[PDB]
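Notes follow the structure.
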Amino acid sequence: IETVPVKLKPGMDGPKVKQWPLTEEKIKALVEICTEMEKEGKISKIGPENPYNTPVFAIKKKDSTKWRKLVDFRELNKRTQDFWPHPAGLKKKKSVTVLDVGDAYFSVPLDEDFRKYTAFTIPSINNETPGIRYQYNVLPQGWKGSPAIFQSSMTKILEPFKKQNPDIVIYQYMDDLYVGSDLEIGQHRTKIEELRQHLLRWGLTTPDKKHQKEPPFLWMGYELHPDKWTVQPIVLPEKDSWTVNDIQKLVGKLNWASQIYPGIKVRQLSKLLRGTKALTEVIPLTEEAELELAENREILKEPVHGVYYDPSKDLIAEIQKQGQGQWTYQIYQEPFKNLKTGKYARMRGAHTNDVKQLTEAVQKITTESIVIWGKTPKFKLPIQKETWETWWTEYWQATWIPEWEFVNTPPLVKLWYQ
Amino acid sequence: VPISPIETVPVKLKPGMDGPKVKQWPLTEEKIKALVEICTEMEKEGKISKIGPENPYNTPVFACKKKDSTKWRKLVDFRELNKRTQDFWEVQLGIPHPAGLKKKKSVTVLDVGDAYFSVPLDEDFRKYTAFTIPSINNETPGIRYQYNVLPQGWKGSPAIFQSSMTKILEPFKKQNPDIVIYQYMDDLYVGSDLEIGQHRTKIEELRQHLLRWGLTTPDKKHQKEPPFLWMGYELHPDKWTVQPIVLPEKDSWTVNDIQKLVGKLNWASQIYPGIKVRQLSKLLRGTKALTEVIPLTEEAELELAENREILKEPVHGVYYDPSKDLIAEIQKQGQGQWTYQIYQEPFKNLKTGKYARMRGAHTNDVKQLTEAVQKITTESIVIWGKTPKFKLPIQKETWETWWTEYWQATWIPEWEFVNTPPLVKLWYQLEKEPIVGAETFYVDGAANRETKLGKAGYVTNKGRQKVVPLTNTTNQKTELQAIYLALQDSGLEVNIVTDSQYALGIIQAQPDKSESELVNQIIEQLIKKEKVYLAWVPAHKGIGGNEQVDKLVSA
DNA sequence: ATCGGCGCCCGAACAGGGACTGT
DNA sequence: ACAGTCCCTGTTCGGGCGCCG
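Here the protein sequences line up with chains A and B, keeping their order. Per our numbering, the first sequence starts with residue -13, numbered consecutively. Per our numbering, the second sequence starts with residue 35, numbered consecutively.
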């Protein structure tokens, strides 16, 4: 099997990303993995004459004890050439299962002229040894080009199964295979095992989940149910009595929401605050204002019209820390034209680790974007750059890594959760 | 040491470039006879070969005294060749720290002699290392040579030797998997748990193993007895310390001198607990003249006394025990300054350090504490590969009320409270609901973008008003100035309504210190108050008192 | 004068991005 | 809707320290 020629985008060099510090737990797992990959000819040792590097770290597999080597191929994927239909029914299925088929990529060799770009460096504790550098000789997991180069082989493996079960939707994104069906959960999990064993005739899958009865906290990102994803409506308070401070919070909230919902008006409400009153003064709603409020409640309940997904424009997701373990998010392409607004709560821990919360929400938001649109969004994270970077690898369990930036948001986005 | 039999690393020039063509600059007579005498020696030693007119490249050559040695070091100003050499990925990712060393029965520190001069250079690249020795008589043309080994001063030499040394040690490390060898350039920390007799046997196998690879371990650089001088430390069997620090004593100081003093004080903070450099680094602000003389401030001189005070007492570090828990404790010394000590058994510090970074223009002590915890967390991963347990001078309930009320995601790993004052506290707390029976202040401010003049005032529900004219100000400052007025002209309980997200986001973050003088005044007022409720309304929407004061300041 | 590679600290120029404002 | 100014945050490079050739 001959390798497919791969180029970088015109005028771009390879990745040169420093390796970040790793725990002894992750280095010992990585050293074992890379030493074994060199024996099977999957990687090979290189020297410092290769000026490229990509960060590597390890994650614990889903409901398992085995370790998975994860490459931060974000920079390489941005500089890799583009290659050459998304199933809209996958998001409508009852149950959807994510299968790590990244192991299949390790059977196709990579173009020699390109291998210099897959270099990574394994660090050592206390800088005992210099970094030992490796490069890839086969298609690597997490590479933008790996699913594309393997595309011809993946359709061939699945075509018999897809004709034997035409009601099952199969989408592929990077190392993961998304398998959706409308069967019952028990007959669905048997169908997943039917796909795994029929696939086993060609390429292997991650060791079967040590559990099969959905042990809680463990199949969050494994067995997904898209038909139960809910959008988060914008709500207004319901009070018998409104104060001047209460009307000001209401007017400011409605004025911000007029950017997402066209018909929002605040004029009859602002008329109630025409003086220079005390904040605690109760303001009775006039008959005209009660109607305006009642109409704004109606406007926020109806869905927004004329907002469609553009495959050429990047997706952007914003998360707000609402407190009490609750996180609100919005996915959009143009400002105030949200493609989905959701809420995630009660995540991991008894609401102790904020970072674990944010990391899970980012993964669940990305999973929805892959399932819904087949893309990944760019995240605007409500966290300090160093607070995330220090800890995020400790709670990551996806085979893909989305792009993100860090922002310090003013506390005036109370416009998403009551 | 014959040239090592290790394979050369293929080295290329940057795409579409040629080699260096630099003419040789004049040298002193002490160096001319020494370079000629040296060059024929290192041609005889094989490191250098003569070249002819077919080689069109050149690089200037000189010769300086070796660092703390009677031997001469042959150096070349390869600044032109380094710009044309390909980039490398440096495999040296950091510096080993003694606090990460475990206890060993037998320890040996080696040093390879003529390190760079033992490793061959890629044959294809040798043409570009050509140089010319100008003779004394200007009538003589001068003798041209090229390099067969790693030159000192070439940008690829450190990375290639580091990569080459690991390849040379890989077979020996595999023949003996239980011996730990800390490798940094040519210096080798060898440690084992074998008996002292059998340990010296393995060192000779290593010296013979390195000798087979053209790597001599001279006896002059072979240390067999504690104390060990390693990586600038004095290593003792159960304790470690830093080689003597010499702080300069001068009556008048310059910018450069201050730059040195800050650096040495940082280098001492790894084991000396309590080093402070904030006031000493303040003297480095603005002046880029390296030879400028700076008078020591009253606060700066006080800082030097504290450091010298804790430097008169000897401090030692302990080695690391992988079986026992890692503990770090932090204390708040000055404003924006912190010191920490990492230990396992109390009062037996592995290492110390300090964090004194001002992140942002507006911050509080709780933010800096989380910033210092992160610096220690990363540092602990580098040295020991694990996160330490923390002992912080902040109340358990103080942090609970902060991270639940802060809009950003903040987290601190497993930590326990220590009662080591001064503690970290939230100096004031904004009310969640408007205060009943509190004068409501509708504040705003404006400024012209060309004139830079502006107004700042307030209107209240009790009818009280005020407008102050300001000169040399901005829109952001006048809107901040309006909130300051309401705090001044109010009682201990006040309701303030602003239209500035910028002023609101600063105050709502509960800062206790700021680079802005005005914010420090606003913070001071909030601590004096007893209950403060700050509300925001959208501007230019005809809302309450915001509309009245908006017209007051825009005119 | 007159060198290379790494890590760290601290200070300052430059850029990016988002908000306000003026046209 | 375009183009500015302010403010903030982060990146890179300059100085110093230390290691090694």
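Where is the CB? At the ideal position from N, CA and C, for every residue including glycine.
Here's a check: name, in chain order, each residue in its chain whose Cβ is nearer than 8 Å to the Cβ of B:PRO307, leaving out the five neighbours to either side. Residue mapping note: residue 307 of chain B aligns to position 273 of the second sequence, counting from 1. Residues of the same chain with a CB within less than 8 Å of the CB of B:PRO307, apart from the 5 flanking positions on each side, are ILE344, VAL349, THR373, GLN375, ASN383 and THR386 in chain order.
Which complete beta strand (DSSP E) runs does the segment 62 to 140 of chain B hold, if anything under 3 residues is left out? 82 to 84, 95 to 99 and 106 to 110
Check: B:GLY471 C-beta below 6 Å from any heavy atom of the ligand ZN: Looking at this structure, you won't find the ligand ZN or any other ligand, since it has none at all.
For A:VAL17, which residues of its own chain have a beta-carbon under 7 Å away from its beta-carbon, when the five flanking residues on both sides are left out? In the first sequence, the residue the question calls residue 17 of chain A occupies position 31. Excluding residues within five positions, the ones whose Cβ falls inside 7 Å are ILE108.
On the DSSP bridge list, what partners appear for B:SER226? On the second sequence, residue 226 of chain B is found 192 positions in, with the first residue counted as 1. B:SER140.
Please name the residue, chosen from A:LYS299, A:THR192, A:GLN218 and A:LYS55, that lies closest to A:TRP313 on a Cα-to-Cα basis. As a position in the first sequence, residue 313 of chain A is number 327, starting the count at 1. Residue A:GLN218 is the option with its Cα nearest to A:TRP313.
Based on DSSP bridge pairs, tell me the residues matched to A:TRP377. Position 391 of the first sequence, counted from the start, is the residue given in the question as residue 377 of chain A. According to DSSP, A:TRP377 bridges with nothing at all.
Using only the alpha-carbon positions, how far apart do B:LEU457 and B:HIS396 sit? As a first step, residue 457 of chain B is located in the second sequence; it is residue number 423 there, counting from the start. As a first step, residue 396 of chain B is located in the second sequence; it is residue number 362 there, counting from the start. Approximately 20 Å, taken between the alpha carbons.
Reducing DSSP to helix, strand and coil, say where A:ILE387 ends up. Counting from one through the first sequence, the residue named residue 387 of chain A turns up at place 401. In this structure, A:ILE387 counts as coil in the three-state DSSP scheme.
Is there at least one Cβ from chain A nearer than 7 Å to B:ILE129's Cβ? Position 95 of the second sequence, counting from 1, holds the residue named residue 129 of chain B. Answer yes: the Cβ-Cβ gap between B:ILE129 and chain A drops below 7 Å somewhere.
Between the Cα of B:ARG342 and the Cα atoms of B:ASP359, B:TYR354, B:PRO380 and B:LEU295, which residue gives the shortest distance? Position 308 of the second sequence, counting from 1, holds the residue named residue 342 of chain B. The shortest Cα separation from B:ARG342 among B:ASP359, B:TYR354, B:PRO380 and B:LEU295 belongs to B:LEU295.
Looking at A:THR9 and B:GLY419, is the spacing between their C-beta atoms short of 7 Å? Translated into the one-based positions of the second sequence, residue 419 of chain B becomes position 385. Translated into the one-based positions of the first sequence, residue 9 of chain A becomes position 23. The answer is yes: Cβ separation under 7 Å.
Inter-stretch contact (C-beta, 8 Å, three-pair minimum) for the segment 162 to 173 of chain A and the segment 74 to 92 of chain A: yes
What residues in the segment 574 to 588 of chain B bring their beta carbon closer than 7 Å to a beta carbon of chain A? Closer than 7 Å at the C-beta level to chain A, one finds these residues of the segment 574 to 588 of chain B: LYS575, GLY576, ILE577, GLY578, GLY579 and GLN582.
Let me make sure I understand the geometry here. Which of B:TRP123, B:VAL493 and B:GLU347 has the alpha-carbon closest to that of A:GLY261? The sequence position of residue 261 of chain A within the first sequence is 275, counting from 1. Checking every option, the nearest Cα to that of A:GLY261 belongs to B:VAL493.
Other residues of its chain near B:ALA193: CB distance less than 7 Å, five sequence neighbours each side excluded: The residue given as residue 193 of chain B occupies position 159 in the second sequence. If we look at B:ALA193 and ignore the five residues flanking it on each side, its Cβ neighbours are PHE122, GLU124 and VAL125.
Please report how far the alpha carbon of A:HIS291 lies from the alpha carbon of A:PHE365, in whole angstroms. Against the first sequence, residue 291 of chain A aligns to sequence position 305. Against the first sequence, residue 365 of chain A aligns to sequence position 379. The alpha-carbon atoms of A:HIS291 and A:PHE365 are separated by roughly 25 Å.
What residues in its chain sit with their C-beta under 7 Å from that of B:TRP59, if we drop five residues either side in the sequence? On the second sequence, residue 59 of chain B is found 25 positions in, with the first residue counted as 1. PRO94, listed in sequence order.
Cβ shell of A:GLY335 (< 7 Å), same chain only, five flanking positions each side left out: Against the first sequence, residue 335 of chain A aligns to sequence position 349. Here the set comprises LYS342.
Entirely enclosed alpha helix (DSSP H) segments - the segment 273 to 321 of chain B, minimum 4 residues: 289 to 302 and 312 to 316
Residues that A:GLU35 contacts on chain B, provided the C-beta gap is smaller than 9 Å: Counting from one through the first sequence, the residue named residue 35 of chain A turns up at place 49. Within 9 Å Cβ-Cβ: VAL43, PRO44, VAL45, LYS46, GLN120, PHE122, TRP123, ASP156, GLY190, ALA193, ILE194 and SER197.
Under 7 Å, Cβ to Cβ, is there at least one residue of chain B near A:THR9? Here residue 9 of chain A refers to the residue found at position 23 when the first sequence is read from its first residue. So yes, A:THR9 belongs to the interface.
Beta-carbon proximity of B:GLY176 to B:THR166, cut-off 7 Å: Locating residue 176 of chain B in the second sequence gives position 142, counting from the first residue. Locating residue 166 of chain B in the second sequence gives position 132, counting from the first residue. In contact: B:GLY176 and B:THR166 (Cβ atoms closer than 7 Å).
Checking the sheet assignment: what are the DSSP bridge partners for A:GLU320? Reading the first sequence from its first residue, position 334 is the one you call residue 320 of chain A. A:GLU320 is bridged to A:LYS323.
Is B:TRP287 close to chain A, meaning its C-beta is less than 7 Å from at least one C-beta of that chain? Sequence index remark: in the second sequence, residue 287 of chain B carries index 253 (1-based). Not an interface residue.
Neighbour list for A:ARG119 in chain B, Cβ cutoff strictly below 7 Å: As a first step, residue 119 of chain A must be located in the first sequence, where it is residue number 133. Residues of chain B passing the Cβ test: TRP123 and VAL125.
Taking the alpha-carbon positions, what's the A:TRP242 to A:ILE302 distance? For the purposes of this step, residue 242 of chain A is taken as the residue at position 256 of the first sequence. For the purposes of this step, residue 302 of chain A is taken as the residue at position 316 of the first sequence. Cα-Cα distance, rounded: 19 Å.
In angstroms with no decimal places, state the Cα-to-Cα distance between A:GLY27 and A:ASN123. Indexing the first sequence from 1 puts residue 27 of chain A at position 41. Indexing the first sequence from 1 puts residue 123 of chain A at position 137. Straight-line Cα distance between these residues: approximately 7 Å.
Quick one: complete alpha helix (DSSP H) runs, 4+ long, within the segment 45 to 127 of chain A? 60 to 65
In the DSSP assignment, the beta strand (DSSP E) including B:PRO503 goes from what residue to what residue? The residue given as residue 503 of chain B occupies position 469 in the second sequence. 499 to 504 is the extent of the beta strand (DSSP E) around B:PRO503.
Grab me the residues of A:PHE322's own chain with a C-beta within less than 6 Å of its C-beta, minus the 5 sequence neighbours each way, in chain order. The count along the first sequence starts at 1 and reaches residue 322 of chain A at position 336. Same-chain partners within the cutoff: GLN245 and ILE246.
B:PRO39: contacting residues in chain A (beta-carbon distance under 9 Å): Numbered from its first residue, the second sequence carries residue 39 of chain B at position 5. Near B:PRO39 there are no residues of chain A at all, since even the closest Cβ is about 16 Å away, more than 9 Å.
For B:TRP264, does the three-state DSSP call read helix, strand or coil? The residue given as residue 264 of chain B occupies position 230 in the second sequence. Looking at B:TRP264 - three-state DSSP - the assignment turns out to be strand.
By the three-class DSSP mapping on this structure, what secondary structure does B:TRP418 have? On the second sequence, position 384 is the one that residue 418 of chain B refers to. Helix.
My guess is that A:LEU398 and A:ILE220 are in contact by the Cβ rule of under 8 Å, so how many angstroms apart are they, rounded? Looking up residue 398 of chain A in the first sequence gives position 412. Looking up residue 220 of chain A in the first sequence gives position 234. The pair is not a contact, with the Cβ atoms about 14 Å apart (cut-off 8 Å).
When we look at the beta-carbon of B:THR321 and count the other beta-carbons within 10 Å, is it buried (16 or more) or exposed? Position 287 of the second sequence, counting from 1, holds the residue named residue 321 of chain B. Exposed, by the Cβ-count rule.
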